[PDB]
Amino acid sequence: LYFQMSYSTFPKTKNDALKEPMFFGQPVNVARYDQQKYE
Amino acid sequence: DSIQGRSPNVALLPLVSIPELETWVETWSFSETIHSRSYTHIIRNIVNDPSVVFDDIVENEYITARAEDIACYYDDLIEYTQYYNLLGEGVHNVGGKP
Amino acid sequence: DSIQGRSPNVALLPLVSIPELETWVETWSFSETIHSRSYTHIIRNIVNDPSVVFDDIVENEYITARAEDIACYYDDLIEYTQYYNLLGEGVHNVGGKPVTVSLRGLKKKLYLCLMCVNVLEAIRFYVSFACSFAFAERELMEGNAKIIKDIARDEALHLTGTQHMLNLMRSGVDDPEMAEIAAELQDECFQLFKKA
């Protein structure tokens, strides 16, 4: 393939899964859709 | 409403981290799409020439001024995000000029 | 279904020209979102630990293998489109090393990915239907079948749409350029198909 040139579609594992910034940081990898950061 | 139908998704999805906001922007785009469909429906029973209304309002300066004003420094964000993702941190030189 | 929730819009919207297809991909994304909501609903009343199921299946190699296989040469198309838009035609040098260029290169790297898209909603998700569907005639978990019938209808509409799109674009080339792509990317297409 390649050597991870830049941002990817979604990561292979978890990064934080609960406490990421609003619209900056790692991409989305799984939609839990039950526990969110803002009600 | 057509100037913001596809813009928010293509401009915000590559940056949003939490998926619970990606779902919301998807629903926003879908709702905007339904709005466009309803507009096409309400115009399909008023004037017998639906191909004659998209002549002036398509490129009327009265609306084109604000259209360009809202599009220029909105696509600027998209192109700058593309630059940031394709170059990363630190200064560079994209084929010649820095 | 989460691996293709946001992918098609962010991967195809910057390239689609006719808006009548942009509306369709928007509705596709919305339908996928509704699917995710329905899955979260059906899992919210089975196991009292919804935070315990996203531990293995989140990064299980059994599924992670195919996940990476479907994601690698699908984000390749997105990054190549970004390159093409940020550099244009003609060779360049992106900060040192030279940058390649290709007009037809922005077709195969897309078209083959679309093929994956097809099998992403034609076979791999289509067997899981029957796997989770045999518990229908025997009276048990009828709510699962009731909620999955609509998802099956939705998946079938997705299949019809994507197959029609492929047969219209990849076959019967309107523009006189993708015929070379159909000729070249033919045997490797069957190879990757049998591999999947």
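Before reading further, recall that the structure is shown in the block above.
A brief report on the enclosed structure follows.

Rules and cut-offs
Residues numbered from 1 in each chain as written, not as in the entry; some residues may be left out. Chains lettered and ligands numbered in written order. Part of a larger assembly, values for the part shown. Heavy atoms only, no water. Residues with missing side-chain atoms left out of burial classes, pairs and counts. Helix = DSSP H or I, 4+ residues; strand = E, 2+ residues; numbered from the N terminus. Contact = heavy atoms within 4.5 Å. Nonpolar A, V, L, I, M, F, W, Y, C, P; charged D, E, K, R; others polar. Salt bridge = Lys/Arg side-chain N within 4 Å of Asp/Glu carboxyl O. Axes fitted to C-alpha atoms, helices over the stretch in contact; angles between N-to-C directions. Left-handed = near helix turned anticlockwise from the far one by under 90°. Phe/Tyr/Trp six-rings, centres within 6.5 Å; stacked < 30°, edge-to-face > 60°.

Focus on the overall build of chain C
Along the backbone of chain C there are nine helices and two strands. Listing every helix and strand of chain C by position from the N terminus yields α-α-α-α-β-β-α-α-α-α-α. Based on the C-alpha atoms only, the size of chain C along its principal axes is roughly 65 × 40 × 35 Å. Of all intrachain contacts in chain C linking residues separated by at least 6 positions in sequence, the fraction that spans at least 24 positions is 67%.

Some words on the overall build of chain A
Within chain A, the secondary structure is distributed over zero helices and zero strands. Oriented by its inertia axes, the alpha-carbon framework of chain A measures out at about 40 × 15 × 15 Å.

A look at the interface of chain C and chain B
Each partner contributes residues to the interface: chain C has 16 residues there, and chain B has 16 residues. At the level of secondary structure, the elements contributing two or more residues to the side of chain C that touches chain B comprise α1 (7-12), α2 (19-43) and α4 (61-87) of chain C. Element by element, the count of residues in the side of chain C that touches chain B is highest for α2(C), at five residues. Along the lines of polarity and charge, the residues of the side of chain C that touches chain B split into six nonpolar, seven polar and three charged.

Here we look at the pattern of salt bridges
C:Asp150 serves as the salt-bridge partner of C:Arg153, at 2.5 Å between the closest nitrogen and oxygen. Highlighted residues: C:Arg153 and C:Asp150, both in helix α7 (residues 142-169), separated by three residues, approximately one helical turn.

A word on the packing of α4(C) against helix α5 (residues 105-120) of chain C
Residue and element names in this part refer to chain C. Packing of α4 against α5 leaves a shortest axis separation of 9 Å and a crossing angle of 145 degrees. Judged by the twist between their axes, the crossing of α4 over α5 is left-handed. In contact with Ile-70, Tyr-73, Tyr-74, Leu-77 and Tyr-80 of α4, α5 contributes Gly-105, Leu-106, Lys-109, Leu-110, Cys-113, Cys-116 and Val-117. Broken down by class, the residue content of the contact of α4 with α5 amounts to 10 nonpolar, one polar and one charged.

Brief notes about the environment of C:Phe133
Its location among the elements puts C:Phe133 in the loop between α6 (124-131) and α7. Contacts of C:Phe133, omitting those with residues within four sequence positions, involve C:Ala145 and C:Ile148.

Some points on the packing of aromatic side chains
Centroid distance B:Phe30 to C:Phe30: 3.9 Å. Interplanar angle 5 degrees. Geometry classified as stacked. You can see B:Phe30 sitting in helix α2 (residues 19-43) and its partner C:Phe30 sitting in helix α2, one on each of two chains. Ring centres of C:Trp24 and C:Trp28 lie 5.2 Å apart, and the angle between their planes is 45 degrees; on these two criteria the pair is classed as tilted. Taken together, the positions of C:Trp24 and C:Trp28, both in helix α2 and four residues apart, correspond to about one turn of that helix.

Describing the environment of C:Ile148
All names here are of chain C. Mapped onto the secondary structure, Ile-148 falls in helix α7. The sequence separation of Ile-148 and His-35 amounts to 113 residues, and the corresponding C-alpha distance is 9.5 Å. Beyond its immediate stretch of four places on either side in the chain, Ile-148 contacts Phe-129 and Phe-133.

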